[PDB]
């Protein structure tokens, strides 16, 4: 049981879609479609398995004010769904610094246990974006050891949530050409801009999946082939 991205091409690259019990990271420049894929996943996860979802709820942690509840409505309506119910099934939190971002993962644990054995459990946790607060707050050579200690602890908490509660953790990371915030991820996907409103996804760290690329479009339905 995997969460469809909305793109048949990007799902085949991922072996069916985004996995639970894993952290799936997309990285790329600004504008490559990371936040759009996250918004689509927040909707897709609500669908029944036959339509590409997991009959679940989504949690969205927003570190840069990128969350657009209207965009969720747009995606839901164009896919034949109630924009109201789609919004009812997404838990949302704005993280204003890296300490708040870390506490939210701890608090997400409480929300997940509660729904764990119900009809619509949480199935997706989004962190958009994972690193930005760490880059901006840990300033100077004197702060780099603590920066990695906190980033490492934060990824350990996310891995633990994913395994405990059988949820997909989807994180976005803004890697620019051209400063390195190393961190663990189960799956890494590089996004870049393509021909017009197309985007290209490349598998970077994928243990046994065949390497390769996939093309997808940003449409009114979220992400599409």
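Numbering follows the first chain given and starts at 1.
The stretch of deposited sequence separating residue 178 from residue 179 contains 1 to 3 residues lacking coordinates in this entry. Stretches compared: 159 to 167, 186 to 194. Higher mean C-alpha B-factor in the entry: 186 to 194. Mean C-alpha B-factor is higher over 77 to 85 than over the other stretch, the pair under comparison being 77 to 85 and 145 to 153. Among all modelled residues in its chain, residue 133 ranks in the lowest third by Cα B-factor.
For residue 206, the recorded CA temperature factor ranks within the highest third of the chain's modelled residues. Among all modelled residues in its chain, residue 213 ranks in the highest third by Cα B-factor. When the modelled residues of the chain are ordered by their C-alpha B factor, residue 100 lands in the middle third. In this PDB entry, the Cα temperature factor of residue 54 sits in the middle third of its chain's modelled residues.
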